[PDB]
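Chains as they are written, first to last, in the entry's author numbering: chain 7, 508 to 729; chain 4, 177 to 212, 221 to 779, 793 to 838.
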Ligand SMILES: [Zn+2]
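Right under this line is the structure:
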């Protein structure tokens, strides 16, 4: 047996595009994968409970191409949150004009199309050989969480829970934060600690976690 | 000096060292391995076994690793197991009759000299699957862990080559010589000399017994890009009708090689040798999960009895722990401590966890004279918000249950659930494969995302939820079989983020009857408020605070082992027959709850009789009905709407 696109991946990465265009079957499988790293099959010879250990990254568009600012993301978007609860992260990347930002946008686009070389910043982004090198070395640790950060995390969880529930049942409101939200905050804080390469967690990280989380949907309000 | 060619193995020194280790082993491994009353660990086996007339014995590796004079024996039974065991089968009879010398006995000595002996090294050094066996280490004692797919029939093999001369009223005889026969062409020259006149008959000859088994490999580690393999092997006589489909197994054997023919036509062979495994011992049970129904398998038990092979079928007990159990059951915080102990890594989910444990008791297994059977299994459903431990619970139960398979989503079909038919890659013949439904026959059948499943796959479970019997009618196959597994699975809501003010018997995207016939359901709505959330927060964080949650053992939690063994003795030795008081509280409960069908009656009784099994009653009682109907209405949350 050789497997599909996913099973060639394990302890690695995938990528998907136009998720909304896929079948209900792919949804049935990935609804398993994102939470549990197995796959179950009962078709023929293959009766496995096979190991995936993979990391999903999809993409799609809404129903109308451009956003419906007078509808919610929970109506404008096509996918159900019965699945999307598993989606620890979610950005909403839409576009509205501005006289000034698109000027230097075109500057960027035009310089890259002029010669492939990116903008001549005083900066050198670096080969992926070295990048996978650093990723692999940071994959070696397994840091720790103190209580000094645990308590603050607990309070922020309760804050967001009650806030999003009682307040955000409305126009720009997506669902409700979850335990999975908290688990993801935890995982990502761990990863921050892994990147600083200390075996413990600082309070200076959870701030970036929740910052980035509520930052993901800032452009929903403009 | 005495020695074997290409070998560093002495016969008589091995015998002496064997005997001295044997006369000297007294829980040494408790001492030298670790910190952990008794005396002469091994010798009791060899004192007891004599009057019962058995030519077998089991054996560890560690007790050699523990005793002084056995450290070199370890690497030598390892490398030359069939040779070291051709020794030890003799050293064992030697030690036998060197130990009988201190005894006067009734004349049992007509047998032991005629007897044989054999050994079974089982708990041995670990091996990493199949990939490890590059050809450096072929033909060596080995261990493995996995489950079963397919069983073959019996291979016989010539074991006494009978031979009929054509004349002179004479037979002839000759035996196998490293696995061949060299027919004597001659005619016993003295009486008659016809240098190629002789015949062959099968009905005379002696046959061996051999069987082959397809197995699925289930490691603890795999590399980057791995996937299942399916291996064949060979068992031989006196082990037959032991290992079959529906069993996880820890095992041992010897890895080996062999070539095959190019045809049925001539002796031209392959550069590459097909691999295989010859068998040394099998482990059918373990500690981290309970065992088969003792009623289910009676015929197999009495068969093994009649066959005088007694490799295990059921784990065995101690009386001091029986007393321990009658002690632990005297207290009254059973009904919650079981719950707290099922899942220490998780928040309360009380009734949920209690129902899991009550299904793990199962219930009642009665039959009628010819026309009835009523089985201990109650089909279970879950429903509610995502972002909880539903899936985690289910993985946990699928692990801890011995005989069960996991299904997901719409990637399944009636064909891959009931019987399907296929072809072997070696024999190229029409051989079958059992279905994932019937594999769990007794135990767990786990599913996730019940809603999106095909209506073709969802059509079959009409009958399995009633009779534990699938039927087939397809190519060359007509037989209605048995699938006593239980059902336990999740559902997902209609739409997303729920609809609090609606009939939830309509709010699922699932019709009534399929849902009503579930013996019970559980509900996972959110009800966001502190005093249930912050506590859970620390409850799940302090797990991460440690490298692994041992300090979760606080707040009164049991270990897995006393638990599981209590469960097994419970499951295997009590039969609560229904009582009279419970009638009048069960009937009114059902009727008043009807204000949605007659199956929740069967649910209440099959679960209250399990409540009776719990506490170790040999009787049901009125009170079990109380918590039954109580927790039922708590399950679907009667109070809100
Ligand atoms: Zn003759």
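Beta carbons: idealized from backbone N, C-alpha and C, even for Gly.
- The residue among 809 (chain 4), 829 (chain 4), 206 (chain 4) and 830 (chain 4) with its C-alpha nearest the C-alpha of residue 820 (chain 4) is 809 (chain 4).
- In the three-state reduction of the DSSP assignment, residue 443 (chain 4) falls in the coil class.
- Counting only runs of at least 4 residues, the stretch 557-606 of chain 7 fully encloses the following alpha helix (DSSP H) elements, listed from N- to C-terminal order: 580-583 and 588-591.
- Residues are counted here when their Cβ sits less than 8 Å from a Cβ of chain 7; for the stretch 590-611 of chain 4 these are 590, 591, 592, 593, 594, 595, 596, 597, 599, 600, 601, 604 and 606, given in chain order.
- About 7 Å separates the beta carbon of residue 472 (chain 4) from that of residue 744 (chain 4), a gap short enough to meet the 8 Å contact definition.
- Under the 8 Å criterion on CB atoms, residue 712 (chain 4) is classed as interfacial with respect to chain 7.
- DSSP links residue 401 (chain 4) through a beta bridge to 330 (chain 4).
- Taken through DSSP and simplified to helix, strand or coil, residue 390 (chain 4) comes out as strand.
- In this structure, DSSP gives residue 305 (chain 4) an extended state, which the three-state scheme calls strand.
- Between residue 329 (chain 4) and residue 402 (chain 4), the C-beta gap is smaller than 8 Å, which places the two residues in contact.
- Remark: C-beta atoms of residue 704 (chain 7) and residue 645 (chain 7) approach each other more closely than 8 Å.
- Contact between the stretch 426-443 of chain 4 and the stretch 375-393 of chain 4 is absent, with fewer than three C-beta pairs closer than 8 Å.
- Secondary structure remark: continuous alpha helix (DSSP H) runs of at least 4 residues inside the stretch 541-590 of chain 4, in chain order: 574-584.
- If you look at residue 631 (chain 4), you'll find it in the beta strand (DSSP E) that goes 628-632.
- Annotated three-state conformation of residue 679 (chain 4) is coil, per DSSP.
- Annotation: residue 255 (chain 4) to residue 186 (chain 4) spans about 15 Å, alpha carbon to alpha carbon.
- For residue 690 (chain 4), the number of other beta carbons within 10 angstroms of its own is below 16, and it is reported as exposed.
- At a cut-off of 7 Å, the beta-carbon of residue 367 (chain 4) does not count as near ligand 1: no heavy atom of the ligand is closer than that.
- In the three-state DSSP reduction, residue 484 (chain 4) falls in the helix class (H, G or I).
- Exclusion of residue 421 (chain 4) from the 7 Å shell around ligand 1 follows from its C-beta lying no nearer than that to any non-hydrogen atom of the ligand.
- For residue 351 (chain 4), the distance from the CB to the nearest heavy atom of ligand 1 is below 7 Å.
- Chain 7 places no beta carbon closer than 8 Å to that of residue 532 (chain 4), leaving this residue out of the contacts.
- Neighbours of residue 569 (chain 7) in chain 4, taken as residues at a C-beta separation under 9 Å, are lacking, since the least C-beta distance is about 16 Å.
- Counting only residues of its own chain and dropping the five nearest sequence neighbours on each side, residue 668 (chain 4) has a CB closer than 6 Å to the CB of 559, 625, 626 and 652.
- Between residue 720 (chain 7) and residue 710 (chain 7), the alpha-carbon positions lie close to 16 Å from each other.
- From the beta-carbon of residue 693 (chain 7), the residues of chain 4 found nearer than 7 Å are 728.
- Sixteen is the threshold: when 16 or more other Cβ atoms of the shown chains lie within 10 Å of the Cβ of residue 537 (chain 4), as they do, the residue is buried.
- Cβ neighbours of residue 727 (chain 4) within its own chain (closer than 7 Å, five residues either side excluded): 529, 733 and 736.
- Residue 673 (chain 4) is a Cβ neighbour of residue 632 (chain 4), given a cutoff of 8 Å.
- Of the residues 698 (chain 4), 679 (chain 4) and 658 (chain 4), the one whose Cα lies closest to the Cα of residue 645 (chain 4) is 698 (chain 4).
- Between residue 454 (chain 4) and residue 443 (chain 4), the alpha-carbon positions lie close to 6 Å from each other.
- Between the alpha carbons of residue 563 (chain 7) and residue 626 (chain 7) lies a distance of about 31 Å.
- In the three-state scheme derived from DSSP, where H, G and I count as helix and E and B as strand, residue 539 (chain 4) is classed as helix.
- Distances from the alpha-carbon of residue 802 (chain 4) to those of 769 (chain 4), 257 (chain 4), 515 (chain 4) and 590 (chain 4) put 769 (chain 4) closest.
- In terms of side-chain proximity, the C-beta atom of residue 375 (chain 4) is found nearer than 7 Å to a non-hydrogen atom of ligand 1.
- Residue pairing from DSSP places residue 356 (chain 4) in a beta bridge opposite 347 (chain 4).
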